[PDB]
Amino acid sequence: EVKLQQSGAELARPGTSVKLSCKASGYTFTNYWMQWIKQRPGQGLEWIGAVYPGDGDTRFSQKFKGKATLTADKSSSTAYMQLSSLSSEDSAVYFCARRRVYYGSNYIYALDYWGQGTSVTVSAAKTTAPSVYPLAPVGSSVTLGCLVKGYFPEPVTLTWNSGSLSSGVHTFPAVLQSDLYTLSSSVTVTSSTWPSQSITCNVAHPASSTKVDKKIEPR
Amino acid sequence: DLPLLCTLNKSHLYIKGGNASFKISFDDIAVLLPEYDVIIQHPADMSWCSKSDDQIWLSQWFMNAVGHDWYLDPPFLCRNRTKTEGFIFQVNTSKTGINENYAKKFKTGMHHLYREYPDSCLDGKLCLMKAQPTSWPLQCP
Amino acid sequence: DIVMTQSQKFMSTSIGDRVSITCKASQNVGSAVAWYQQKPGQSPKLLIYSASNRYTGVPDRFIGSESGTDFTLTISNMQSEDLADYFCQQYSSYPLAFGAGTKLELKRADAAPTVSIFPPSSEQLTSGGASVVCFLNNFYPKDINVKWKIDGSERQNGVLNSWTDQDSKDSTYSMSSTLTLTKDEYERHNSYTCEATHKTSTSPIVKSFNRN
Ligand SMILES: *[C@@H]1O[C@H](CO)[C@@H](O[C@@H]2O[C@H](CO)[C@@H](O)[C@H](O)[C@H]2NC(C)=O)[C@H](O)[C@H]1NC(C)=O
Ligand SMILES: *[C@@H]1O[C@H](CO)[C@@H](O)[C@H](O)[C@H]1NC(C)=O
Ligand SMILES: [Cl-]
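- This entry, as listed in the PDB, derives from X-ray crystallography and reports a resolution of 1.821 Å.

If you want it as structure tokens, here you go:
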């Protein structure tokens, strides 16, 4: 069966380089050009370029010339993409996909198989545990919050009452700003639910090996 | 002496000349481009297309047989012999824009060359002829 | 290079409706056009190739069509599982080019956001930081604008915004807006306001507190 297996998540400092890999299985590696595509958070697909493993011939999008270096190792059936002089604009998910070498009209020349994607995050930060702040109100329902700031890298696992309070919860996607992440979550309950019953925000950050509980107390 | 021509299923076209044997394909894939490949403006420019005298000879014969004017007609393309992806030459047969006149000349040449030329280049559509090596089909003469 | 100009970045649809997504090639590419479907966190999947051919296992409801340089992807009857991103692509020649993409979202009744404001926590102030948080929850449609005002003056610097994707159950959207200052900068002002502009109201929804 045809499979394209990409290397794991990358964390890199600004101005450095990373080399992403895409290992092909179940087909003749040399009958295909390996394509590379970038996808920035919440944005579309952007074609980077392709490599032919037979002799390493390349094709690029004009924008990525001087940014991406494309190689392939026929022996290991692996294509590589090196991204140089890394900046914040390089933080994205990168996919590999295959496209058949042309041999008459009766093949599909679209990108039929794709890798699972590789995440690249550019930041000057070292592994940093988050600061977790309980947000108590300043009706029929009450909204409480939890603010998670100054951490790196992703992910953090945020739950309310160890996940027993799941309805009326909004956990927002983490945002990277000035090399560190911020994440926030709100929980809405009836006026009869809180503060009579205790509500605590739980935050786990495995990268820093930290687990923090913050009980929401009236101001 | 004269190269052998074959049509299978009234759509798959072939040509054989000595040790060289090609399949002739027509579709919208622009495999070669003047930015990347060898521009052919004189028959001698084809020395860069292959290390094989027979592949060069058959390509030049085909182009002469369809009435190509090496100097006045639009140039065509081939992959540089130093590349390993494979021998190939590409002619633009698009019946559109500035190429229309040449596409009609090519169509005429193909109708004279092949007994039943099954013309697949639609009016106004991108259509590129690619000639690639293939084993001479078993059902061919 | 050939460029693919895709129709609308966002389309509101109803389940069972006929939906059409269009793409325009900058030059003739014959029929060498593909359509891809992508769901969040997944790889894109090939739907259509050669402008109108359905790829392996693609259901009948996905119809690709062409007219010169105009390409169309039609979903004859949109199913719940069809809410996703769609991308056209030309593959006639290198460089390959993708359309900018179209996200199909679900139509539902308009809903005003529920707005909640939170002054900095005692713990954050102790550490020298001051974040003011505004949640704008369960609204529809997705377009919303949040303006931070400090003593009636608009503030742009130090704002961090985050948006949820369309909720799977109630089809609403939510947003979080965090204004971060130093404790010293925070103590130099009194009134903190987050104002939300949404089509459900002709006047902004205003949530405010005074530091003093
Ligand atoms: C076919 O490819 C070769 C490269 O393999 C081209 O030769 C090079 O030409 C440059 C000048 O443009 C020289 O500086 C290099 O030393 C050459 N390299 C080699 C390995 O010979 C050749 O010009 C190409 N043919 C055409 C017609 O473009
Ligand atoms: C052309 O001839 C050479 C030997 O002279 C041979 O290696 C090659 O395979 C021949 N071409 C084909 C397609 O048979
Ligand atoms: Cl269906």
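### Notes on the interface of chain C and chain A
Here is step 1: Taken together, the contact between chain C and chain A spans 46 residues of the former and 49 residues of the latter.
Here is step 2: Taken together, both faces of the contact between chain C and chain A bury some 3,700 Å²; the carbon and sulfur share is 64%.
Here is step 3: Put simply, chain C and chain A have 1 salt bridge between them.
Here is step 4: Across the pair C:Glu123 and A:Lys214 runs a salt bridge, and its minimum N-O distance is 3.1 Å.
Here is step 5: Here chain C and chain A share 15 residue pairs in polar contact between them.
Here is step 6: Those elements that place two or more of their residues in the side of chain C that touches chain A are β4 (33–38), β5 (45–49), β9 (85–90), β12 (114–118), α1 (122–126), β13 (129–139), β16 (159–163) and β17 (173–182) of chain C.
Here is step 7: For the side of chain C that touches chain A, the residue count by class is 24 nonpolar, 19 polar and 3 charged.

### A word on the site of ligand 1
All names here are of chain B.
Here is step 1: Surrounding ligand 1, one finds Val38, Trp48, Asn80 and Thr82.
Here is step 2: One of the side-chain N or O atoms of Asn80 is found 2.3 Å from an oxygen atom in ligand 1.
Here is step 3: At a separation of 3.1 Å, an oxygen atom of ligand 1 approaches a polar side-chain atom of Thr82.
Here is step 4: In the complex, the protein chains occlude 28% of the 590 Å² of accessible area that ligand 1 would expose alone.
Here is step 5: Partitioning the shell around ligand 1 into residue classes produces 2 nonpolar, 2 polar and no charged.

### Some words on unusual backbone geometry
Here is step 1: The omega torsion across A:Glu154 and A:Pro155 is 0°, close enough to zero to call that bond cis.
Here is step 2: C:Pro141 follows C:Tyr140 through a cis peptide bond whose omega is 0°.
Here is step 3: Of note, A:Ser77 is a non-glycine position whose phi angle comes to about 55°, a positive value.
Here is step 4: Tracing the backbone through its elements, the reader meets A:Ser77 in the loop between β7 (68–73) and β8 (78–83).
Here is step 5: A:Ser77 sits in the buried class, given a relative accessible area of 19%.
Here is step 6: In this structure, A:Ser209 is a non-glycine residue whose phi angle is positive, near 55°.
Here is step 7: On the secondary structure map, A:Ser209 appears in the loop between β17 (200–205) and β18 (210–215).

### Observations regarding the state of the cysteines
A covalent bond between the sulfur atoms of two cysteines is referred to as a disulfide.
Residue and element names in this part refer to chain B.
Here is step 1: Scanning all chains against the criterion turns up 7 disulfides over all chains.
Here is step 2: Paired by a disulfide, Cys6 and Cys140 hold their sulfur atoms 2.0 Å apart. One disulfide, between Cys6 and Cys140, carries an S-S torsion of -85° and so falls in the left-handed class. Of the two residues, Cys6 is situated in strand β1 (residues 4–8) and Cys140 in the segment after β7 (128–133); the sequence distance between them amounts to 134 residues.
Here is step 3: Residue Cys140 is classed as buried on the basis of its relative accessible area, which comes to 9%.
Here is step 4: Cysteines bonded in chain B are numbered consecutively along the chain; their disulfide partners then correspond to 1-6, 2-3, 4-5.

### A word on the nonpolar core
Note on soluble globular proteins: their nonpolar side chains tend to be buried together.
Here is step 1: Grouped together as the largest cluster of nonpolar side chains are 54 residues, with contacts concentrated most on A:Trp114, C:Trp35, C:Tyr86, C:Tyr91 and C:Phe98.
Here is step 2: When neighbours within four sequence positions are excluded, A:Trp114 is seen to be in contact with A:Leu4, A:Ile37, A:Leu45, A:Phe95, A:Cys96, A:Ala97, C:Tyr36, C:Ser43, C:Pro44 and C:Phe98.
Here is step 3: Grouped together as the second largest cluster of nonpolar side chains are 31 residues, B:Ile15, B:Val91, B:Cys127 and B:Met129 included.

### Focus: the pattern of salt bridges
Here is step 1: On inspection of all chains with the given rule, the structure shows 22 salt bridges over all chains.
Here is step 2: We note a salt bridge from B:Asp119 to B:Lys107, for which the minimum N-O separation is 2.7 Å. Highlighted residues: B:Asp119 in the loop between α2 (100–113) and β7 and B:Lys107 in helix α2, separated in sequence by 12 residues.
Here is step 3: The exposure class assigned to B:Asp119 is partly exposed, which follows from its relative accessible area of 24%.
Here is step 4: The exposure class of B:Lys107 is partly exposed, given its relative accessible area of 28%.
Here is step 5: A salt bridge links C:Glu185 to C:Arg188; its shortest N-O distance comes to 3.5 Å.

### A short note on the layout of surface pockets
Residues and elements named next belong to chain B.
Here is step 1: Roughly 670 Å³ of volume is contained in the second largest pocket.
Here is step 2: As for the second largest pocket, its lining consists of 29 residues, of which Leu33, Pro34, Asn92, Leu126 and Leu128 are closest to the centre.
Here is step 3: Its residues assigned to classes, the lining of the second largest pocket shows 17 nonpolar, 10 polar and 2 charged.

### Brief notes about the sheet that holds strand β3 (residues 19–25) of chain C
Residue and element names in this part refer to chain C.
Here is step 1: Spatially, 4 strands are ordered β1-β3-β8-β7 in an open sheet, and the strand pairing comes out antiparallel. The open sheet is flanked by β1 (4–6) and β7 (62–67), the only strands paired with a single partner. In this sheet, neighbouring strand axes are inclined to one another by 20° on average, regardless of whether the strands run parallel or antiparallel.

### A word on helix α1 (residues 53–65) of chain B
All names here are of chain B.
Here is step 1: Spanning 13 residues, α1 covers 18 Å between terminal C-alpha atoms, matching the ideal 18 Å at 1.5 Å per step.
Here is step 2: Along α1, the residues that are buried comprise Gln55, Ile56, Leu58, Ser59, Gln60, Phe62 and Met63.
Here is step 3: For α1, the secondary structure elements touched by its buried residues are β2 (12–17), β3 (20–27), β5 (76–78), β6 (89–92), α2 and β7.
Here is step 4: Two residues or fewer after α1 comes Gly67, characterised by a positive phi angle close to 85°.

### Some details on the interface of chain C and chain B
Accessible area lost upon the coming together of the parts is a frequently used measure of interface size.
Here is step 1: Listed by partner, the interface residues are 9 residues for chain C and 7 residues for chain B.
Here is step 2: For the chain C face of the interface with chain B, the top three residues by lost area are C:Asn28, C:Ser92 and C:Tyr94, together amounting to 52%.
Here is step 3: The tally of links between chain C and chain B comes to 7 residue pairs in polar contact.
Here is step 4: In terms of residue class, the side of chain C that touches chain B is built from 4 nonpolar, 5 polar and no charged.

### Observations concerning the pairing of strand β8 (residues 70–75) of chain C
Residues and elements named next belong to chain C.
Here is step 1: Summarising burial for β8: 5 of the 6 residues are buried, a large majority.
Here is step 2: Here β3 pairs with β8 via 6 bridges, running antiparallel. The residue bridging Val19 from the neighbouring strand is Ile75, located in β8.
Here is step 3: Pairing geometry for β7 and β8, over 6 bridges, is antiparallel. Paired with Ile63 across the strands is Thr74, a residue of β8.
Here is step 4: The turn joining β7 and β8, which pair antiparallel and follow one another in sequence, is formed by 2 residues; a positive phi near 60° is taken by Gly68.

### Quick notes on empty space enclosed by the protein
Here is step 1: Its volume calculated, the largest cavity comes out at about 150 Å³.
Here is step 2: Lining the largest cavity are 17 residues, and of these A:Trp33, A:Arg99, B:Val31, B:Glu85 and C:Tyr94 lie nearest its centre.

About the criteria used
Residues numbered from 1 in each chain as written, not as in the entry; some residues may be left out. Chains lettered and ligands numbered in written order. Heavy atoms only, no water. Contact = heavy atoms within 4.5 Å. Buried area = accessible area lost by both parts, 1.4 Å probe. Salt bridge = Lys/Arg side-chain N within 4 Å of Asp/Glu carboxyl O. Polar contact = N/O pair within 3.5 Å; in protein donor to acceptor, adjacent residues only side chain to side chain. Helix = DSSP H or I, 4+ residues; strand = E, 2+ residues; numbered from the N terminus. Nonpolar A, V, L, I, M, F, W, Y, C, P; charged D, E, K, R; others polar. Near = heavy atom within 4 Å. Areas by Shrake-Rupley, 256 points an atom, 1.4 Å probe, with all protein chains shown as cover. Buried < 20%, exposed > 50% of the residue type's maximum accessible area, 1.4 Å probe, protein only. Disulfide = S-S within 2.5 Å. Core = buried A, V, L, I, M, F, W, Y, C linked by side-chain atoms within 4.5 Å. 1 Å grid on protein atoms, 1.4 Å probe; cavity = no way out; pocket = protein on both sides within 12 Å on 5 of 7 lines; lining within 4 Å. Points joined across faces, edges and corners; volume = space filled by probe spheres on them. Pairing = 2+ DSSP bridges. Axes fitted to C-alpha atoms, helices over the stretch in contact; angles between N-to-C directions. Expected span 1.5 Å × (residues − 1).

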